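> Input structure: run.txt, which contains compact mmCIF, C-alpha atoms.
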```
# COMPACT_ATOMS: atom_id res chain seq x y z
CA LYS A 696 0.19 -4.97 9.33
CA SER A 697 0.08 -6.52 5.88
CA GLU A 698 -3.51 -6.95 4.73
CA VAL A 699 -5.01 -9.82 2.72
CA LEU A 700 -7.54 -9.04 0.00
CA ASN A 701 -10.47 -11.44 -0.06
CA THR A 702 -10.88 -11.17 -3.88
CA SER A 703 -14.52 -10.92 -2.81
CA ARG A 704 -16.29 -7.95 -1.21
CA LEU A 705 -14.18 -6.06 -3.79
CA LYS A 706 -16.05 -6.57 -7.07
CA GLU A 707 -18.99 -4.68 -5.56
CA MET A 708 -16.54 -1.98 -4.46
CA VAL A 709 -15.31 -1.53 -8.05
CA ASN A 710 -17.94 -2.74 -10.53
CA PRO A 711 -20.27 0.15 -11.52
CA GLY A 712 -23.47 -1.80 -10.91
CA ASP A 713 -25.68 -2.06 -7.83
CA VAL A 714 -25.19 -3.59 -4.40
CA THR A 715 -27.43 -4.23 -1.39
CA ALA A 716 -26.72 -3.93 2.33
CA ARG A 717 -28.62 -3.59 5.60
CA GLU A 718 -28.40 -0.88 8.25
CA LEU A 719 -29.12 -1.29 11.95
CA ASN A 720 -32.70 -0.67 13.12
CA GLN A 721 -34.39 -0.89 9.69
CA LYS A 722 -34.73 -2.97 6.53
CA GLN A 723 -32.31 -3.79 3.71
CA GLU A 724 -31.62 -1.33 0.89
CA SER A 725 -30.01 -1.34 -2.55
CA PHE A 726 -28.26 1.58 -4.22
CA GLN A 727 -25.76 2.55 -6.89
CA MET A 728 -22.05 2.87 -6.10
CA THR A 729 -21.01 6.39 -7.15
CA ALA A 730 -17.65 6.41 -5.39
CA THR A 731 -13.95 6.93 -6.05
CA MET A 732 -11.84 4.51 -4.02
CA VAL A 733 -8.23 4.86 -2.87
CA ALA A 734 -6.16 2.95 -0.32
CA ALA A 735 -2.60 2.96 0.96
CA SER A 736 -0.35 1.13 3.39
CA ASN A 737 3.30 0.77 4.31
CA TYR A 738 2.92 -3.03 4.07
CA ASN A 739 2.35 -4.95 0.85
CA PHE A 740 -1.12 -6.32 0.16
CA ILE A 741 -2.09 -9.90 -0.72
CA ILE A 742 -3.78 -10.90 -3.99
CA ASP A 743 -4.29 -14.66 -3.97
CA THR A 744 -5.86 -14.92 -7.44
CA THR A 745 -4.45 -14.20 -10.90
CA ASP A 746 -7.54 -14.17 -13.16
CA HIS A 747 -8.05 -11.24 -15.52
CA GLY A 748 -11.40 -10.38 -13.92
CA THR A 749 -9.65 -9.16 -10.77
CA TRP A 750 -6.55 -7.68 -12.43
CA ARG A 751 -8.52 -5.74 -15.05
CA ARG A 752 -9.40 -3.27 -12.28
CA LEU A 753 -6.93 -1.89 -9.70
CA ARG A 754 -3.98 0.45 -10.27
CA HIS A 755 -0.84 -0.01 -8.17
CA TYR A 756 1.79 2.68 -7.59
CA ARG A 757 5.01 2.89 -5.56
CA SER A 758 6.03 6.22 -4.06
CA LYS A 759 9.74 6.98 -4.31
CA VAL A 760 10.35 10.12 -2.22
CA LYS A 761 10.85 9.98 1.54
CA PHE A 762 10.84 12.59 4.31
CA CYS A 763 13.07 12.42 7.39
CA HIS A 764 14.02 14.91 10.08
CA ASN A 765 17.58 14.93 8.71
CA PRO A 766 17.75 15.33 4.91
CA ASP A 767 20.54 12.82 4.41
CA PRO A 768 22.56 13.55 1.24
CA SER A 769 23.17 11.24 -1.75
CA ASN A 770 19.38 10.76 -2.02
CA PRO A 771 17.29 13.24 -4.02
CA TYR A 772 14.20 11.33 -2.88
CA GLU A 773 15.13 12.21 0.72
CA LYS A 774 13.84 15.52 2.09
CA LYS A 775 12.79 17.10 5.39
CA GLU A 776 9.32 17.01 6.94
CA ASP A 777 7.25 20.15 7.46
CA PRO A 778 5.23 19.77 10.69
CA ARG A 779 3.30 22.90 9.68
CA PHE A 780 1.67 20.77 6.97
CA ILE A 781 -0.02 18.61 9.63
CA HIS A 782 -0.44 20.91 12.64
CA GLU A 783 -1.76 23.65 10.34
CA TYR A 784 -2.01 24.33 6.57
CA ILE A 785 -4.94 21.88 6.47
CA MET A 786 -7.49 23.71 8.64
CA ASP A 787 -6.69 26.95 6.80
CA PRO A 788 -9.79 27.86 4.74
CA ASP A 789 -7.78 29.55 1.99
CA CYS A 790 -5.70 26.42 1.39
CA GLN A 791 -8.90 24.39 1.08
CA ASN A 792 -10.33 26.91 -1.39
CA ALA A 793 -7.15 26.78 -3.49
CA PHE A 794 -7.18 22.97 -3.44
CA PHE A 795 -10.83 22.97 -4.52
CA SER A 796 -9.97 25.32 -7.39
CA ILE A 797 -7.11 23.04 -8.46
CA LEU A 798 -9.40 20.00 -8.31
CA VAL A 799 -12.14 21.62 -10.39
CA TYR A 800 -9.58 22.81 -12.94
CA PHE A 801 -8.22 19.27 -13.24
CA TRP A 802 -11.77 17.96 -13.65
CA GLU A 803 -12.33 20.44 -16.49
CA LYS A 804 -9.01 19.39 -18.05
CA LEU A 805 -10.01 15.72 -17.90
CA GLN A 806 -13.37 16.69 -19.41
CA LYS A 807 -12.06 18.57 -22.44
CA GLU A 808 -9.26 16.16 -23.41
CA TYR A 809 -9.29 12.35 -23.35
CA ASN A 810 -13.10 12.62 -23.70
CA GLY A 811 -14.49 11.58 -20.29
CA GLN A 812 -13.14 8.07 -19.84
CA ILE A 813 -10.12 7.76 -17.56
CA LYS A 814 -8.86 4.58 -19.24
CA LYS A 815 -7.49 6.67 -22.11
CA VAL A 816 -4.63 8.73 -20.63
CA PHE A 817 -1.29 6.95 -21.04
CA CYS A 818 0.94 6.77 -17.96
CA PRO A 819 3.71 4.31 -18.83
CA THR A 820 5.11 4.59 -15.31
CA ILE A 821 1.85 3.36 -13.77
CA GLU A 822 1.39 0.52 -16.26
CA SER A 823 5.01 -0.62 -15.93
CA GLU A 824 4.92 -0.54 -12.13
CA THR A 825 1.54 -2.31 -12.04
CA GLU A 826 2.96 -4.98 -14.35
CA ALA A 827 5.91 -5.39 -11.99
CA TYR A 828 3.50 -5.68 -9.06
CA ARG A 829 1.47 -8.32 -10.91
CA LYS A 830 4.69 -10.24 -11.56
CA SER A 831 5.01 -10.31 -7.79
CA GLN A 832 2.12 -11.64 -5.67
CA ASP A 833 2.08 -14.53 -8.18
CA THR A 834 2.96 -17.64 -6.18
CA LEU B 835 14.59 -9.28 16.52
CA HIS B 836 17.99 -8.08 17.74
CA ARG B 837 17.48 -9.95 21.02
CA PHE B 838 17.00 -13.25 19.17
CA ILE B 839 19.85 -12.44 16.78
CA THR B 840 22.24 -11.91 19.69
CA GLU B 841 20.96 -14.80 21.83
CA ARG B 842 20.53 -17.63 19.33
CA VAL B 843 21.82 -16.56 15.88
CA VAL B 844 25.51 -17.31 15.36
CA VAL B 852 20.84 -19.63 -0.22
CA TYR B 853 19.28 -18.74 3.16
CA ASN B 854 15.77 -19.95 2.39
CA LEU B 855 14.81 -18.41 5.79
CA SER B 856 12.42 -21.28 6.61
CA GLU B 857 14.66 -22.27 9.52
CA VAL B 858 14.97 -18.62 10.59
CA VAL B 859 11.22 -17.98 10.28
CA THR B 860 10.37 -21.10 12.28
CA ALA B 861 12.95 -20.18 14.92
CA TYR B 862 11.55 -16.66 15.21
CA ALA B 863 7.89 -17.61 15.23
CA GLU B 864 8.48 -20.34 17.79
CA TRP B 865 10.60 -17.97 19.84
CA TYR B 866 7.97 -15.25 19.81
CA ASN B 867 5.18 -17.71 20.51
CA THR B 868 7.17 -18.75 23.57
CA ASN B 869 9.70 -16.40 25.13
CA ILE B 870 7.51 -13.38 24.38
CA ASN B 871 3.76 -14.07 24.62
CA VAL B 872 1.75 -16.13 22.13
CA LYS B 873 0.48 -14.97 18.74
CA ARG B 874 0.34 -15.65 15.01
CA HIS B 875 3.47 -14.76 13.07
CA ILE B 876 2.54 -14.22 9.43
CA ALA B 877 5.82 -14.02 7.54
CA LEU B 878 5.26 -12.63 4.00
CA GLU B 879 7.34 -9.49 4.60
CA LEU B 880 9.05 -10.89 7.71
CA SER B 881 11.90 -11.77 5.34
CA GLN B 882 12.18 -8.05 4.54
CA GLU B 883 12.00 -7.27 8.27
CA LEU B 884 14.87 -9.70 8.90
CA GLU B 885 16.79 -8.06 6.05
CA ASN B 886 16.19 -4.78 7.89
CA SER B 887 18.22 -6.21 10.79
CA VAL B 888 21.94 -6.82 11.30
CA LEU B 889 21.58 -10.35 9.87
CA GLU B 890 21.04 -8.82 6.42
CA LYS B 891 24.76 -8.18 5.93
CA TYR B 892 25.48 -11.90 6.31
CA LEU B 893 22.41 -12.87 4.28
CA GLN B 894 21.67 -13.88 0.69
CA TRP B 895 18.61 -11.99 -0.53
CA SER B 896 18.19 -14.30 -3.53
CA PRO B 897 16.68 -17.72 -2.60
```
Output the structure of this file as structure tokens.

Amino acid sequence: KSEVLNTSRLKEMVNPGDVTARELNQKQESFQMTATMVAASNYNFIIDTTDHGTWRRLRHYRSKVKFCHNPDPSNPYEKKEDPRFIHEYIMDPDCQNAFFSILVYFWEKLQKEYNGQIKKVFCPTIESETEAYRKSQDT
Amino acid sequence: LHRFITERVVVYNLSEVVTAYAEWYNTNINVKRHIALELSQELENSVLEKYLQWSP
């Protein structure tokens, strides 16, 4: 179902400061937030606010390709599913090792160029689509 | 959706359609909230889309 963002309980999820919370059966604790966050849904989200403080963060994207059992023509974005990607090809240790190698290589690439900050690589597709998204959700 | 379209559906702001659907669901088929938001897109996924004006 479509999910509504509170515009709260989200600044702590994104701002690189500190945040406190309490666990069952003991006291309250505070800790840094060293996390990379990602979310997805087939239903559009809800952003009630419009202020720059909330829209400075966040990066929206819209996937174009689609997989169906029958690769219907006249649609390059339409292709056929591979059930071997889900039933297997994930628990295979060699695939995981290769993915780890790809990830570490991409980390090194991001380290050497664009300095270390991620708000330096230009992706006009992502900025344009995020601008279009911000034009929507604006009652 | 198709059941209601067949039974009772004969700028298309969709307010009348949304209220008909929500009331219908909350009656003929159980009782529950009917957030719309994308319910317009769901209706435009049905047969009523052909005889529908997407623009308000």
> Up to 9 Å from chain A, what residues of chain B turn up? Count all atoms listed in the file and give them as a ChimeraX atom specification.
/B:876,878-879
> Once 8 Å is added on each side, what are the centre and the three edge lengths, in Å to one decimal, of the axis-aligned box enclosing the listed atoms of region 727-739 of chain A? Present them as lines of an AutoDock Vina configuration file.

```
center_x = -11.2
center_y = 1.0
center_z = -1.4
size_x = 45.1
size_y = 27.9
size_z = 27.5
```
> What's around residue 778 (chain A) at 12 Å? Count only C-alpha atoms, leave out sequence neighbours fewer than 5 positions away in its own chain, and write the answer as a ChimeraX atom specification.
/A:762-764,783-785
> Do you have the CA of residue 814 (chain A)-CA of residue 752 (chain A) distance handy?
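We find that CA of residue 814 (chain A) and CA of residue 752 (chain A) lie 10.5 Å from each other.
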> Using only C-alpha atoms, which of the listed residues (B:858, B:872, B:852, B:835) sits closest to residue 888 (chain B)?
B:835
> At a cut-off of 12 Å, using all atoms listed in the file, what residues contact residue 704 (chain A)? Leave out same-chain residues fewer than 2 positions from it and give the result as number ranges by chain.
A: 700-702, 706-710, 714-716, 749
> For a test of reading the model, state the distance in Å between CA of residue 711 (chain A) and CA of residue 730 (chain A), rounded to one decimal.
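Separation between CA of residue 711 (chain A) and CA of residue 730 (chain A): 9.1 Å.
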> Determine, counting all atoms listed in the file, which protein, DNA and RNA residues have an atom within 9 Å of an atom of residue 765 (chain A); residues of the same chain fewer than 6 positions away are not included. Present the result as an mmCIF file with C-alpha atoms, in the frame of the given file.

```cif
data_model
loop_
_atom_site.group_PDB
_atom_site.id
_atom_site.type_symbol
_atom_site.label_atom_id
_atom_site.label_comp_id
_atom_site.auth_asym_id
_atom_site.auth_seq_id
_atom_site.Cartn_x
_atom_site.Cartn_y
_atom_site.Cartn_z
ATOM 1 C CA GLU A 773 15.130 12.210 0.720
ATOM 2 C CA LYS A 774 13.840 15.520 2.090
ATOM 3 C CA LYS A 775 12.790 17.100 5.390
ATOM 4 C CA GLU A 776 9.320 17.010 6.940
#
```
> Hey, which of A:777, A:787, A:824, A:698 ends up closest to residue 759 (chain A)? Count all atoms listed in the file.
A:824
> List as a PDB file with C-alpha atoms, keeping the file's coordinate frame the protein and nucleic acid residues near residue 884 (chain B), meaning an atom at most 10 Å away when all atoms listed in the file are counted, but skip any in the same chain fewer than 3 places from it.

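Wrote around-v9.pdb, looks like this:
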```pdb
ATOM      1  CA  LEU B 835      14.590  -9.280  16.520  1.00  0.00           C
ATOM      2  CA  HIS B 836      17.990  -8.080  17.740  1.00  0.00           C
ATOM      3  CA  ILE B 839      19.850 -12.440  16.780  1.00  0.00           C
ATOM      4  CA  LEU B 855      14.810 -18.410   5.790  1.00  0.00           C
ATOM      5  CA  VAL B 858      14.970 -18.620  10.590  1.00  0.00           C
ATOM      6  CA  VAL B 859      11.220 -17.980  10.280  1.00  0.00           C
ATOM      7  CA  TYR B 862      11.550 -16.660  15.210  1.00  0.00           C
ATOM      8  CA  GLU B 879       7.340  -9.490   4.600  1.00  0.00           C
ATOM      9  CA  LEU B 880       9.050 -10.890   7.710  1.00  0.00           C
ATOM     10  CA  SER B 881      11.900 -11.770   5.340  1.00  0.00           C
ATOM     11  CA  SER B 887      18.220  -6.210  10.790  1.00  0.00           C
ATOM     12  CA  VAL B 888      21.940  -6.820  11.300  1.00  0.00           C
ATOM     13  CA  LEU B 889      21.580 -10.350   9.870  1.00  0.00           C
ATOM     14  CA  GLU B 890      21.040  -8.820   6.420  1.00  0.00           C
ATOM     15  CA  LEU B 893      22.410 -12.870   4.280  1.00  0.00           C
TER      16      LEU B 893
END
```
> Please, what distance in Å, to one decimal, runs between CA of residue 742 (chain A) and CA of residue 760 (chain A)?
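If I compute the distance from CA of residue 742 (chain A) to CA of residue 760 (chain A), I get 25.4 Å.
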